[PDB]
Amino acid sequence: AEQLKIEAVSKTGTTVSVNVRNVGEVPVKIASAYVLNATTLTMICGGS
Amino acid sequence: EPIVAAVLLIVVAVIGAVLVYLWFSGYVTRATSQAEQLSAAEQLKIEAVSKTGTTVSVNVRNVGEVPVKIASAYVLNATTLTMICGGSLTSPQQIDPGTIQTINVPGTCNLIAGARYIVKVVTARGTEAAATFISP
Amino acid sequence: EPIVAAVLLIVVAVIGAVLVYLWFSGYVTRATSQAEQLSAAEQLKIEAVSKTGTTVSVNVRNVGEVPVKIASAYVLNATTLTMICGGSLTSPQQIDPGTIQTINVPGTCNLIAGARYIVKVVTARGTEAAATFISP
Amino acid sequence: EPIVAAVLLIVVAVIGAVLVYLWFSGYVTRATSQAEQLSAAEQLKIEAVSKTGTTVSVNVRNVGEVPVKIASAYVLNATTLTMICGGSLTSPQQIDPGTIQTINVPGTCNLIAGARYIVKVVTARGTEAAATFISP
Amino acid sequence: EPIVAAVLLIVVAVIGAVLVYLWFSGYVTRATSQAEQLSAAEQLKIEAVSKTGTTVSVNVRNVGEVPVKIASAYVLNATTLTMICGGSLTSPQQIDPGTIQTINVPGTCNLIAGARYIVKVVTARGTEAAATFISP
């Protein structure tokens with residue numbers, strides 16, 4: 001099983017920067033990031 | 001000779017396992033999605049009410065993030081939970097998030113000034129919001 | 001021969017468990033963080049009111065630290081919770097934290113000097129603030 | 001040839017599953033309904049107490065909707081939770097809902113005027129009701 | 001022939017269930033008892049404080065019943081939660097239940113007469129107790 005957590009996020013202009021923490025013990029690869037709208041599960045920006 | 005039958009039985013069992021896997025994936029997906037999208041909840045609140053003759057007008061805002069539809073309104077008597085007037089609305093009214101709408105209690109019911117009355121509105125999905133007011 | 005079917009069943013169960021874990025992580029994340037974000041509270045206060053002819057002007061101060069949008073204003077009658085004038089504003093007004101804004105009650109409603117009135121402002125999110133004044 | 005054994009094993013599994021289902025239904029029914037009934041609550045309250053010589057008389061009011069049986073009564077010392085007199089009643093007394101009964105503390109115990117005394121009654125099911133009084 | 005494989009599979013499943021039982025008992029026991037013991041709560045209160053030159057002496061009395069170790073002491077500024085002096089003590093001091101001991105703020109920090117200061121002491125387990133005084 002795999003565990004991830006994001007500690008904090010920051011916004012600079014129109015760019016979103018996210019810090020990701022691996023509480024697991026195995027190497028982790030990040031594939032994509034999204035910005036989801038509330039209660040509709042529809043992406044605004046993101047991709048591979 | 002039994003070896004051939006055993007191999008065929010193994011093949012049959014493998015095919016059955018593949019079928020079970022296919023159905024299991026489909027079912028877990030559909031049931032999980034159903035549970036997840038029933039998980040969401042809706043919020044309503046009525047700010048103020050007004051009386052014009054024998055007609056009651058109610059203002060409802062959807063403070064949630066999803067649209068909600070108003071389907072019925074009642075005027076309940078206090079401490080007995082018995083309706084005096086109400087029923088299904090002629091046409092359901094849709095309330096956009098962050099907006100307001102006016103809802104009128106269906107039918108015509110007399111009221112007594114200075115009496116205790118509960119005005120109640122119910123959503124299409126079933127969320128309940130209400131308040132009380134003193135009849136003029 | 002049943003051993004092969006058992007191994008396939010174990011593999012199917014493991015894959016199903018992985019899928020359940022994936023959705024469970026996604027759901028706990030989204031719902032838990034939504035609850036955390038909606039846990040926040042919002043503060044408003046109206047400093048003073050002024051009457052010009054038949055128009056009521058109210059100054060609303062954002063004593064909170066989050067942006068606020070004003071949606072409606074009312075003039076409530078005493079102890080009957082029935083509005084005399086009010087409704088949705090033409091365009092919502094945004095109030096920055098630590099700042100002040102002026103809000104006009106929609107429409108035109110006459111008043112009686114020395115009578116009791118409750119002026120009330122409501123946010124887009126539903127936060128309620130009010131006060132009373134003596135009509136000139 | 002192994003096919004016959006496989007079919008027999010399938011039949012045996014079917015019969016075992018049927019038996020497991022039968023017991024499962026029976027057990028879930030009995031235990032679930034036992035929990036459902038035991039979830040109910042029991043309410044008692046004592047209206048007033050009176051002392052005649054060395055006998056303590058207590059009136060117990062059944063505010064609940066279920067019959068109640070009184071099995072024991074005590075006279076507890078203040079702040080130490082140590083009994084002075086009490087025990088099982090000679091015969092349990094039944095108190096109908098909406099009615100009242102008189103309960104006498106078992107045995108005879110001397111008392112001191114102006115002292116802190118706790119009179120306590122316990123139901124057959126275990127519900128606790130009590131009060132304090134100043135001995136004359 | 002599949003019957004033998006089925007019997008061996010049943011035996012393997014039984015052994016696995018026994019192992020699961022063993023670990024489950026052990027783990028539920030250890031985690032349950034850990035939660036039970038960490039459920040306990042700890043109490044501190046400081047009776048009075050005294051100032052000699054630039055050294056602050058605090059008397060700590062355990063109203064609790066368990067042994068306590070004092071590990072740090074601070075002098076916090078008013079309403080800004082910023083320490084002026086403090087740190088880990090050179091050697092933690094054990095204070096017996098029902099007794100009192102003297103704790104000195106580590107290091108040397110100047111004071112201003114008639115100023116608003118908060119003196120604070122923390123346990124080895126993290127329990128917090130403090131009070132305020134007028135600096136002479």
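No lab work stands behind these numbers, since they all come straight from the coordinates. Note that we place each Cβ from the backbone using ideal geometry, even for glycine, and neighbour counts take in every protein chain shown.
State the answer as a single residue: which of E:34, E:64, E:46 lies farthest towards the positive end of the charge dipole of segment E:22-70, with beta carbon charges of +1 for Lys and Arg and -1 for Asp and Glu, about the Cα centre.
E:46
How large are Rg and Dmax for chain A when only the alpha carbon atoms are used, in Å?
12.7, 36
Hey, which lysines would be in cross-link range of residue B:51, C-alpha to C-alpha under 18 Å, not counting anything within fewer than 8 residues on its own chain?
Partners within reach: B:120.
Between the helical axis of E:2-38 and the dominant principal axis of chain E, each derived from Cα atoms, what acute angle in degrees is found, rounded to the nearest 10?
10 degrees
Counting only Cα atoms, I'd like the Rg/Rh figure for segment D:1-105, Kirkwood definition for Rh. Walk me through the numbers on the way to the answer.
Working: Rg = 27.5 Å, Rh = 18.9 Å.
Across segment D:1-105, the Cα-based Rg/Rh ratio is 1.45.
Would you compute, for the Cα atoms of segment D:4-58, the largest minus smallest coordinate along each principal axis and list the three values in descending order, in whole Å?
Per principal axis, max minus min of the Cα coordinates gives 89, 19, 8 Å.
Using all C-alpha to C-alpha distances in segment D:46-136, build P(r) with 5 Å bins and read off the rounded percent in each one.
The percentages, shortest bin first, are 3, 14, 27, 26, 17, 9, 4, 0.
Determine the shielding of peptide B:65-71 by partner chains: average, over its residues, the number of Cβ atoms on other chains within 10 angstrom of each Cβ. Walk me through the numbers on the way to the answer.
Numbers: counts 6, 3, 0, 0, 0, 0, 0.
Taking the mean over all residues of the peptide, I get 1.
Once you have the Kirkwood Rh of the protein assembly as shown from its Cα pairs, apply Stokes-Einstein at 4 °C and 1.567 mPa s and quote D in µm²/s.
38 µm²/s
When you have a sec, figure out the Kirkwood radius of segment D:89-135 from all distinct Cα pair distances and drop it here in Å to one decimal?
12.8 Å
Among all the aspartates and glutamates, which ones have a C-alpha under 18 Å from residue D:69's C-alpha, if same-chain residues fewer than 8 places away are not counted?
D:42, D:47, D:96, D:128
By per-residue mean of other Cβ atoms within 10 Å, what is the highest-first order of B:32-40, E:52-60?
Ranking the peptides B:32-40, E:52-60 by packing returns E:52-60, B:32-40.
Check the protein assembly as shown for me: any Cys whose beta-carbon has no other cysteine beta-carbon within less than 4.7 Å?
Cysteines of the protein assembly as shown left without a disulfide-compatible partner: A:45.
Please work out how much length the chain gains when fully extended from residue D:79 to residue D:66, using 0.36 nm per residue of separation minus the C-alpha to C-alpha distance, in nm with one decimal.
Between residue D:79 and residue D:66, full extension yields 1.4 nm more.
Based on Cα coordinates alone, diagonalise the gyration tensor for segment D:27-85, multiply each eigenvalue by 5, take square roots, and list the semi-axes in whole Å, largest first.
Values: eigenvalues 235, 49, 18 Å².
Square roots of five times the eigenvalues give 34, 16, 9 Å.
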